[PDB]
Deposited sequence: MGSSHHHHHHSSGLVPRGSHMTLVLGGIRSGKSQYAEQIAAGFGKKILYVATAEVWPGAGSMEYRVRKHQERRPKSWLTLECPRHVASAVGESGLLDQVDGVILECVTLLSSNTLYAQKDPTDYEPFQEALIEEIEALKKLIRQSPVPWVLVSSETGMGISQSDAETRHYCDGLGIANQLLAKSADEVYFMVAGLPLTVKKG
């Protein structure tokens, strides 16, 4: 029952289900902050999440949107899904994604804003992120930069978080617990 929880893991590691159980532990009304991406919209099938949960779609400037919504004052907890897509959205919105500096600085501004919000938050947070740095060194410069930036974001979040879990095949290894 910590204030800030980071759950990270690889592809099909069960990180979403575990973070969702932590968030259900927060309470019955949960803010599911979804960072996913003219006239109409087509949507891929959404996960079957609880009925009392409210969903906040914000692909960029997550801390700003969540703070402006005021919804932190009507829920019991926050699940952020996920740091991975937030990094992806920050990269694909730069002018040159093969350049590292602007994307890195923008993602760091984003993560620092999230740390500020969570520290000042009345409800607890569980955040979902991916581990992508333990593979072969990819060749693409855009891809290497993305991997580096996500990893930096994960370091910053793990340091600010009270509990940090690393998922292997659906089961959590405790990295940090108060």
{"property": "Missing stretches, numbered from 1 on the deposited chain sequence and kept in order", "result": "1-17, 55-61"}
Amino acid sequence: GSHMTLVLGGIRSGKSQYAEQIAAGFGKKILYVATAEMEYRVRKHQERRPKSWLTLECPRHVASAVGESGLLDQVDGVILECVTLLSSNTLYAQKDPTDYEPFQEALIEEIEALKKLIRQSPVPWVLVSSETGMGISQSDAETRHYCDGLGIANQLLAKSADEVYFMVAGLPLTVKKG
From here on, numbers count along this sequence of modelled residues.
| item | value |
| --- | --- |
| Absent coordinates for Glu68 in a third or more of other compared entries | no |
| Unmodelled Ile111 in at least one third of other entries with both flanks present | no |
| Stretch with the greater mean C-alpha B-factor as recorded in the entry, comparing 41-49 against 130-138 | 41-49 |
| B-factor third for the C-alpha atom of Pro59 within its chain | middle |
| Chain-relative CA temperature factor third for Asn89 | middle |
| Chain thirds of CA B-factor: placement of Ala65 | middle |
| Third of chain Cα B-factors occupied by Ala113 | middle |
| Position of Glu81 among the chain's modelled residues by C-alpha B-factor, lowest, middle or highest third | lowest |
